[PDB]
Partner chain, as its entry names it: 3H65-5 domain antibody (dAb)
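First comes one chain, alone, set out as structure tokens in the form deposited without the partner chain.
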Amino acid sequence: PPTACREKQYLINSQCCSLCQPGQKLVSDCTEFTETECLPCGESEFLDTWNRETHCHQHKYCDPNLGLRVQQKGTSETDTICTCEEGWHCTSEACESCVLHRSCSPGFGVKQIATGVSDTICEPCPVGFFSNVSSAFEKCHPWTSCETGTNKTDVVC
């Protein structure tokens, strides 16, 4: 008689039956003549795996206390996806907390602009280039060329 079953199946009455696909919950056991019966998850609810659950799960709320907001509302196969506010980024890919974007200080400039999921990279302004302000947007400006200066100040011709 059967011991294990394959993926997306479960053993019941000495026989393999189908698990319910993502998006649906178990409602009635299979028989020897009929396969497992399932029902799509209702509004606000979801199930993201092949499963034998009789109830779906509630969509997570995006915690405002961590500067978090709904980005994509949850489907029946997918949880709520959160993100941060304008001007903040998620600490991780998984977006568990929100942090203000780094400003590149005087003598530095943005090598990379801040995204919504990662942070500003800064570079020290090399020879030939300068910056005099802290900004999460602004890059290193080049020196006025002398066909009519520091990592901070513009040269005077």
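Positions refer to the first chain, counted from 1.
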Open item on the list: Can you count the deposited residues that have no coordinates between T148 and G149 and report it as none, 1 to 3, 4 to 9, or 10 or more?
Closed with: 4 to 9
Task: 26-34 versus 113-121 - greater average Cα B-factor per the deposited record - done: 113-121
TODO: State which stretch shows the higher mean Cα B factor in the entry: 94-102 or 36-44.
DONE: 94-102
Task: Residue of maximum C-alpha B factor among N51, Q58, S131, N65, per deposited coordinates - done: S131
- [ ] Among all modelled residues of this chain, ranked by Cα B factor, put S14 in the bottom, middle or top third, i.e. lowest, middle or highest.
- [x] middle
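We do not show the form deposited with the partner chain bound, though everything after this point is about it.
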- [ ] Could you confirm whether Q112 comes within 4.5 Å of the partner chain in the bound PDB entry, counting heavy atoms only?
- [x] yes
Open item on the list: So, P64 and the partner chain: in the bound PDB entry, are they within 4.5 Å at any heavy atom pair?
Closed with: yes
- [ ] Answer yes if any heavy atom of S134 is within 4.5 Å of a heavy atom of the partner chain in the bound PDB entry; otherwise answer no.
- [x] yes
- [ ] Report yes if any heavy atom of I121 sits within 4.5 Å of a heavy atom of the partner chain in the bound PDB entry; otherwise report no.
- [x] no
